[PDB]
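The chain below stands alone and is given in structure tokens; this is the form deposited in one PDB entry.
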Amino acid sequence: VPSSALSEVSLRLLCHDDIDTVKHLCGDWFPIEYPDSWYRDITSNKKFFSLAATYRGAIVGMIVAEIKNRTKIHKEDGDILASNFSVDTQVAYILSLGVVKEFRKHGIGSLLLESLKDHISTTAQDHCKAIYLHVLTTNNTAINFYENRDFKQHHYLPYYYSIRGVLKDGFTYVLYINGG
């Protein structure tokens, strides 16, 4: 892909009509079988920030996140706000982040992440205090991306993922924002 590609990249929210494209792209990006009800949810439910990067019409990347109250964090990560005592504290969970292979290393993943931060700053500037995500422990490309962007490793999650019939370990990564 041309090194001027980032300049031609646009952004838009996912919609219902994107389901088939999103399912196909996810099939390539993530070795995980998400059900059709999930694709329906992330393309329609306004509780999600589901953002696509597009190039000459077509989706070449996406980030899907949910801003939610601290009480909605699952037990395995219940301690990411252990030093924060405010009941109004929110967090943003990144459910999915991916970029088409040929378009990687052009800044699109960075743009998607930055756009989530901008959305948080615009929509939940006071209360959202962290961004967190899960990643396969073997996913060095993603781990380097996050660690170079101030995310810190927080939990080791043994056999967290089911990957084509076999269990695999995960990490939780966390970035504190607006003071934590």
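Residues that one form lacks are left out of the comparison. Under this definition, the rigid core comprises the largest set of C-alpha atoms superposing within 1.5 Å between the forms. Residues carry their position along the shown sequence, with the first being 1.
What comes next is about the form deposited in another entry, which does not appear here.
Comparing the two forms between the shown form and the other one on the rigid core, the single residue of 32, 142, 124, 59 with a CA shift of 2 Å or greater is 124. Fitting the two forms on the rigid core leaves the C-alpha of residue 102 displaced by under 2 angstroms between the shown form and the other one.
Remark: with the core as the superposition reference, the CA shift of residue 16 between the shown form and the other one stays below 2 Å.
Relative to the superposed rigid core, residue 160 undergoes a CA displacement of at least 2 Å between the shown form and the other one.
Between this form and the other one, the CA-CA gap for residue 133 and residue 126 narrows by 3 Å or more, being smaller in the other form.
Note: the CA-CA distance for residue 114 and residue 127 contracts in the other form relative to this form, by 3 angstroms or more. In sequence order, 82 to 88, 124 to 127, 159 to 168 are the runs of at least 3 consecutive residues whose Cα positions differ by 2 Å or more between the shown form and the other one once the rigid core is superposed.
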